[PDB]
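Asks: below: the sequence, then the experimentally determined structure.
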Amino acid sequence: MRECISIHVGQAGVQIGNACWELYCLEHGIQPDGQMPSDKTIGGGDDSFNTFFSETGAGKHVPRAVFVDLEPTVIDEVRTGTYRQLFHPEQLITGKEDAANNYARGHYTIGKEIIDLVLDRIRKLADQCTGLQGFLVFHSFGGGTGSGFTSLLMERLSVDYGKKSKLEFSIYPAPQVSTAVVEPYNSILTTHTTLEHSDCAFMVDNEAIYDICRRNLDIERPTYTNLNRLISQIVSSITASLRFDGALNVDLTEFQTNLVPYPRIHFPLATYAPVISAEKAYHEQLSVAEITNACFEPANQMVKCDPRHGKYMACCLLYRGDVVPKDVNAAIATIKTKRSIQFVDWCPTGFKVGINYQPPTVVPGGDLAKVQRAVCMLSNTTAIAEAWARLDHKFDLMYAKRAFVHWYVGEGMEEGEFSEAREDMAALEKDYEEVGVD
Amino acid sequence: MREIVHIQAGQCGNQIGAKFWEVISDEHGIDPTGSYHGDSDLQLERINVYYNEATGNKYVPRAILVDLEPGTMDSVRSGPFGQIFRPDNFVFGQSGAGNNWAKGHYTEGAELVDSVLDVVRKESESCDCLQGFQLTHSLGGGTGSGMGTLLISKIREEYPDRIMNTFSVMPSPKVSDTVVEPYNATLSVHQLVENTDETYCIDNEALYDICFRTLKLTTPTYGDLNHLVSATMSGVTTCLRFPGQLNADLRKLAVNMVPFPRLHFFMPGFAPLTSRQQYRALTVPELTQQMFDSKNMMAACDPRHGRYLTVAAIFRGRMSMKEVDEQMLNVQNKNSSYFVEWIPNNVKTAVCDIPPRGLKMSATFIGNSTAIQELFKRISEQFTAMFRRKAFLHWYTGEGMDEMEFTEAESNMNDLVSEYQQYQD
Amino acid sequence: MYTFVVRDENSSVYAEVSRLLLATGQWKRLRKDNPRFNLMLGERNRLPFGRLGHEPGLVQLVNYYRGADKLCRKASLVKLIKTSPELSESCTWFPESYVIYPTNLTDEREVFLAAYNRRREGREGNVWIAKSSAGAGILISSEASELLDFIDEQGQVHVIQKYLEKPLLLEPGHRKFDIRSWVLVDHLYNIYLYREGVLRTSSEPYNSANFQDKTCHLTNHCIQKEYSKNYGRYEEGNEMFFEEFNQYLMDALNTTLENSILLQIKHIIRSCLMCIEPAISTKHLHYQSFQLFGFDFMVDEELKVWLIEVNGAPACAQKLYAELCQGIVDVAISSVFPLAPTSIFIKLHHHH
Amino acid sequence: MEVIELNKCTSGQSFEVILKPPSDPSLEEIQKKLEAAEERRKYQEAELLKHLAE
Ligand SMILES: Nc1nc2c(ncn2[C@@H]2O[C@H](COP(=O)(O)OP(=O)(O)OP(=O)(O)O)[C@@H](O)[C@H]2O)c(=O)[nH]1
Ligand SMILES: Nc1ncnc2c1ncn2[C@@H]1O[C@H](COP(=O)(O)OP(=O)(O)CP(=O)(O)O)[C@@H](O)[C@H]1O
Ligand SMILES: Nc1nc2c(ncn2[C@@H]2O[C@H](COP(=O)(O)OP(=O)(O)O)[C@@H](O)[C@H]2O)c(=O)[nH]1
Ligand SMILES: NC(=O)c1ccnc(NC2CC=CC2)c1
Ligand SMILES: [Ca+2]
Ligand SMILES: [Ca+2]
Ligand SMILES: [Ca+2]
Ligand SMILES: [Mg+2]
Ligand SMILES: [Mg+2]
Ligand SMILES: [Mg+2]
């Protein structure tokens, strides 16, 4: 057994982490006080769920997580919420004033004065791990803390934990659920200094989660609560292999090995289905073929893009519920003969499939309905580069006029670090075109 | 705990700040003696932002009353909510400023500035975490303009990384005390350009035309004009004073609104603006259409004469947020020729479930528009009209100023006009 | 008030569509860089499809199907037909074609020579044509050495396809011609065929014993008006429309344009478009697509219709700009952004 | 169409299917970038005070 440390940075990171550990508990049958009846080994054990939870002599199963925010408002909810008893005060780090959606403020100004503290709190979790695998870092692209402080934490983690893997869960900025305007700057800044330090990054576009909540769950104007309970389902399905018995994606290394043939292109697209409104009378349960065929509609992609006009480099199918291999192969065959699935000539045209029998767990009173089977497809397509193009274009519209640059310079950043980051992105967009276009 | 320090200076500064503390005090359920009597917890959520918590659950506004003559501040103390302010926070002289910027900034005001800062410092030291300052004042007089800017110049020196937002009343010849107001105004503008982060520009003429033309008041008064500023000041602070999916402090608010350091002058607006047909329910379309109407704005500037850099809108009341998004997206997509196309998503919206006193729903408008150059152009025209003959300068040279400093203030704002011009094309 | 932007200043088709949209008083034009638009008249090459459909509340519509280049590129169409089971390599309406890359750069050079040597041995008509998308540059020859030596002297992808040695010749004149059919596809993937086509004819008598002079072999409207000496003799602008052409078919061969030609064309347009539907459809996409197509056909002396190429950014005949452009607005633009007949199109129903 | 590496346990199973075969900054440097930005803040704040001093 090998442990995995989760880190949550910024507002988005902390709330999404809250929605995830709430879900993990409902899946592993762990109650709000940390007790687990089905766990028969008290105070210890090397089970699969122990990769995310440690155990105390009293029987409490405590997450291996560290929440970090430069202002205490969002983390205070965690300190007084339903699952307050899980964590201890060490795991919750709060500053006094945030980074004002300013990358320079979260990286240089405020970050410099709290980094050594965060590391010490992470070292305290690492010392408990007999064989630490790596870290899972949740944050946002637009937030001054999620962007500015994450890139610094990553640079230092690559120094104190060299051989450890680092996976990202990044929130792509979407105007519908944002009141800020400088988010393109932060996103392109944080991706520039983090690229070499992240082994695999899953980007969720709020715009996508938004329309999935309005279209499938009939939410007219969704809250962050709605957006997070859904994003926690995807994350739960992407990490279930690490927490449950299995053989596919059993440690963080197998993510890069399975999904990232080229290092810089470590951004897999995620697709999930079904997503059914609980308020619904009663839905016709979709079969394996139907839910699998849905994994190729742009409607249930975490980032809106067109894979048909890109090339795949890898492809994982994670199933949860009543699913058997026979039905998986049948669906797969029928889809190749109807879809546009162009693989890169230097990669095998195939699919790695995992099946966990336990069906998706749903939050009581949440928006999602209980289904008998569900799937999550991770696919590395050059089509996700559309995302960067959108973002890189906005960056160009503002930077051409040097708008808002003073706020960043004023925190100690140099104006050259913009163009340097921007030219890095242009190189990333170029690597995506070299790999998928003819 | 993100506390704000309020400063009001001079006759206009205090009468506006006065009513302001009167309007938000009612919204937060604080009576004229400092006792809470509301029915909702949302009133106390962000209450420590503008109020200090004293003994016995008493809430004392965190405001500093400043003036060079005792008249106005006596009025506030005997006013309706006068007993709520801290007796120590009254810092006033006796000579007066004589509607002279020089006296407020160099001679008279200078003799009282240290003592005013001693109170500012006393309030800040108790702030668990200070967000920043806000000043109410006029620019055409002597105290709020002369000493007001003097205070800002000294607050940026002692608090260099704190936000300084101001509500500044600009002088118009139509609502004029003295002929030297363009002098006092031009001088204060350079200080705000240099040391303030956000300056809400309020033109008395616009306030007048709104009371006379729209509200249908045959003979308006500074009191009528201050009602509009009270309701507006309440609006642009609803974000800070009440909860919601916003969650932002002064520095974060300015980051998403000021793309260039010296161009931090906004045009506020309010809606509805109805004359006494006042009980008619107002729809979300009507609310939005007026909010963008120039006649609903208080800078006496036509927005269609310039372009918008950024726009913030705060909606108050129990309405359909789905219907708010639809309507806001409608105004943008119906007049996208007056927004700059090089700042994506430069129009944001926030909702607040608590409406102002006596309104089902309302909107508050914050426009960072290049059209504001028309304001500084009028002021510069009226300034040169007199400085070219050296008219009325003796009031200032007699207080120690030189013609050179005036010539500089002249060029300082002409630059401010050239800056606003290169971005309108 | 709908809004649109114009990114292609050279498009004569959508230059009138824009003029019509503005004449409606309900469509406002924006600068070519403003993203807050409803309709986009995009550029030909490198159109930024990735940036469409991300403006809250705005429903966006573009005039190019992403991936249609697979059908409008010389080397792309050939590869599409041979590899697509729906069309198969045994397609009977598409000239036996081969994709040839210059030797200075897969490639069907050897496969071409095999079918070339089989014909030369069987005394069959062995005259081929070489062409590419990078042309205004075409070479017709019956010797395999010239064709291959001509492509090596270039540097882009070429295609060698059989030259129709027995084309249908009009009278009087004894001249060649091609057919242009405009097919509009809306967002719902309905295939509307323009009731009005055109025939770009040659004003020179056909001569099969001299492929060196290419004025009587090529029917491009620019070649006839430059290198041909009988331009405008028989018809105006070397263009005969479906009324005069239908009357000639009934007088000479005792048949109609509907039964003799239009049926096949309607079949080709359907098979070509149904083939790539699952690849370019914007049915569940965050934006919507539509596109006008300019199919070019050939007619032999046995009244069999062959496919030459498909134009993704085609032009229209001077006499039909008004009727066609108006229809574009009725079924392609107003069908998504309604305003406040006898359709000029022929709907080709199919299974989606 | 081939199924390889079929693994089974009590909570599920996983396998692979093939349709077609193919054809850092050290700790020293980080402190420098950080302190360099702090130095540019101290100098930019100094110029403000020097301006106010004047
Ligand atoms: N999906 C999702 N997105 C969020 C959530 N919270 C914030 N965001 C997104 O994050 C972006 C802004 O970043 P924040 O996380 O709020 O900023 P921060 O990390 O707290 O950093 P500061 O600027 O210092 O406050 C916006 O675009 C939001 O849409 C959340 O709970 N769920
Ligand atoms: N296999 C073939 N048999 C007979 N004629 C052919 C032919 N291929 C091409 N042509 C002639 O060439 C002309 C079309 O050339 P092609 O379409 O390849 O070039 P192009 O694309 O620049 C013209 P356009 O785009 O306007 O249709 C037709 O007029 C036709 O007469
Ligand atoms: N809106 C408004 N404007 C005022 C008020 N009092 C003064 N003014 C304006 O401010 C200018 C005079 O400045 P004043 O307030 O007397 O400066 P002081 O010396 O600090 O008191 C004139 O242009 C007036 O129009 C007021 O109560 N409301
Ligand atoms: N001083 C400001 O710039 C300011 C103050 C209060 N609200 C603002 N805008 C709202 C738009 C949506 C959320 C915040 C801006
Ligand atoms: Ca155990
Ligand atoms: Ca590393
Ligand atoms: Ca004195
Ligand atoms: Mg925050
Ligand atoms: Mg006065
Ligand atoms: Mg062509």
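Replies: Alright, I've got the coordinates. Numbers count the residues shown, from 1 in each chain, chains lettered A, B, ... in the order given. Ligands and ions are numbered 1, 2, ... in the order given.
Asks: what about residue C:280, distance to residue B:102?
Replies: 74 Å (CB to CB, to the nearest Å). Quick note: C-beta positions are derived from backbone N, CA and C, even for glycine.
Asks: excluding chain neighbours, what is closest to the residue of chain D found nearest ligand 5?
Replies: Closest approach of chain D to ligand 5 (CB to the ion) occurs at residue D:11, with a separation of 16.6 Å. Spatial nearest neighbour of residue D:11, excluding adjacent residues (CB to CB, 6 or more residues apart in numbering or on different chains): residue A:245 at 4.4 Å.
Asks: ok, the one you found - contacts?
Replies: A:48, D:9, D:10, D:11, D:12 (CB atoms under 8 Å, 6 or more residues apart in numbering or on different chains).
Asks: flag every buried residue along stretch A:154-166.
Replies: A:154, A:155, A:156, A:157, A:158, A:159, A:161, A:164, A:165, A:166 (16 or more other CB atoms under 10 Å in any protein chain shown).
Asks: show me where the stretch 251-400 of chain B has helices.
Replies: Using DSSP state H, counting those that start in this stretch, the helices found in the stretch 251-400 of chain B span residues B:284-291, B:321-334, B:373-387, B:394-397.
Asks: make a markdown table out of those and add distance to ligand 4 and mean neighbour count.
Replies: Formatted as a markdown table, the helices of the stretch 251-400 of chain B follow (distance: least, CB to the nearest ligand atom, whole Å; neighbours: other CB atoms under 10 Å in any protein chain shown):
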| stretch | distance to ligand 4 | mean neighbour count |
| --- | --- | --- |
| helix B:284-291 | 13 | 19 |
| helix B:321-334 | 11 | 18 |
| helix B:373-387 | 19 | 19 |
| helix B:394-397 | 34 | 16 |
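Asks: among these, which is nearest residue C:58?
Replies: helix B:321-334 (6.3 Å; CB to CB).
Asks: so how far is chain C from the residue of chain D closest to ligand 5?
Replies: Residue D:11 is 34 Å from chain C, where distance means CB to the nearest CB, to the nearest Å.
Asks: and of the helices of the stretch 251-400 of chain B, who's closest to chain D?
Replies: Across the helices of the stretch 251-400 of chain B, chain D has its closest neighbour in helix B:394-397 (20.8 Å, CB to the nearest CB).
Asks: check the offset of the closest one from the chain's centre.
Replies: In terms of CA atoms, centre = their mean, to the nearest Å, the gap separating the centre of helix B:394-397 from the centre of its chain is 29 Å.
Asks: same question for stretch C:140-154.
Replies: For stretch C:140-154, the distance to the chain centre is 25 Å (CA atoms, centre = their mean).
Asks: what backbone torsions are found at the residue nearest to residue D:11?
Replies: phi -60, psi 140 (degrees, to the nearest 10).
Asks: and residue D:48, by the same measure?
Replies: The phi/psi pair for residue D:48 (degrees, to the nearest 10) is phi -60, psi -50.
Asks: which ones are touching it?
Replies: So residue D:48 contacts B:156, B:160 (CB under 8 Å, 6+ apart).
Asks: just residue B:39 next, same as before
Replies: residue B:29.
Asks: next up, identify which helix or strand it is on.
Replies: According to DSSP states H and E, residue B:39 maps onto no helix or strand at all.
Asks: list phi and psi for it.
Replies: phi -120, psi 10.
Asks: next: the one 3 residues further on.
Replies: Backbone dihedrals for residue B:42, given as degrees, to the nearest 10, come out at phi -60, psi -20.
Asks: count the neighbours of it for me.
Replies: 19 (other CB atoms under 10 Å in any protein chain shown).
Asks: for residue B:347, see how far away it is.
Replies: For residue B:42, the distance to residue B:347 - CB to CB - is 26 Å.
Asks: what of residue D:16?
Replies: For residue D:16, the distance to residue B:347 - CB to CB - is 50 Å.
Asks: any idea how far the residue nearest to residue D:11 is from residue B:189?
Replies: 71 Å.
Asks: how about residue C:16?
Replies: For residue C:16 relative to residue B:189 (CB to CB), the value is 52 Å.
Asks: between the two, point out the one with more neighbours.
Replies: It is residue B:189, of residue C:16 and residue B:189, that has more neighbours when counted by other CB under 10 Å, with 27 against 18.
Asks: C-terminal to the one helix or strand the more buried one maps to, what's the next element?
Replies: Assigned by DSSP H and E, residue B:189 belongs to helix B:181-195. Past helix B:181-195, further along toward the C-terminus, the next helix or strand under DSSP H and E is strand B:198-203.
Asks: how about the contacts made by the closest residue to chain D within chain B?
Replies: Minimum separation of chain B from chain D (CB to the nearest CB) falls at residue B:157, amounting to 4.6 Å. Residues near residue B:157 by CB under 8 Å, 6+ apart: D:49, D:52.
Asks: ok, now residue B:65?
Replies: Residue B:65 touches B:8, B:14, B:17, B:73, B:76, B:85, B:89, B:90, B:91, B:92, counting by CB under 8 Å, 6+ apart.
Asks: is ligand 3 within reach of the strand or helix carrying the second one?
Replies: Taking DSSP H and E as the criterion, residue B:14 maps to helix B:10-27. Yes - contact between helix B:10-27 and ligand 3 is present through B:10, B:11, B:12, B:15, B:16 (criterion: CB under 6 Å from any ligand atom).
Asks: export those residues to JSON lines and append columns for neighbour count and distance to residue C:223.
Replies: JSON lines is the format used below for the residues of helix B:10-27 next to ligand 3 (neighbours: other CB atoms under 10 Å in any protein chain shown; distance: CB to CB, whole Å):
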{"residue": "B:10", "neighbour count": "32", "distance to residue C:223": "84"}
{"residue": "B:11", "neighbour count": "25", "distance to residue C:223": "86"}
{"residue": "B:12", "neighbour count": "31", "distance to residue C:223": "81"}
{"residue": "B:15", "neighbour count": "23", "distance to residue C:223": "84"}
{"residue": "B:16", "neighbour count": "27", "distance to residue C:223": "79"}
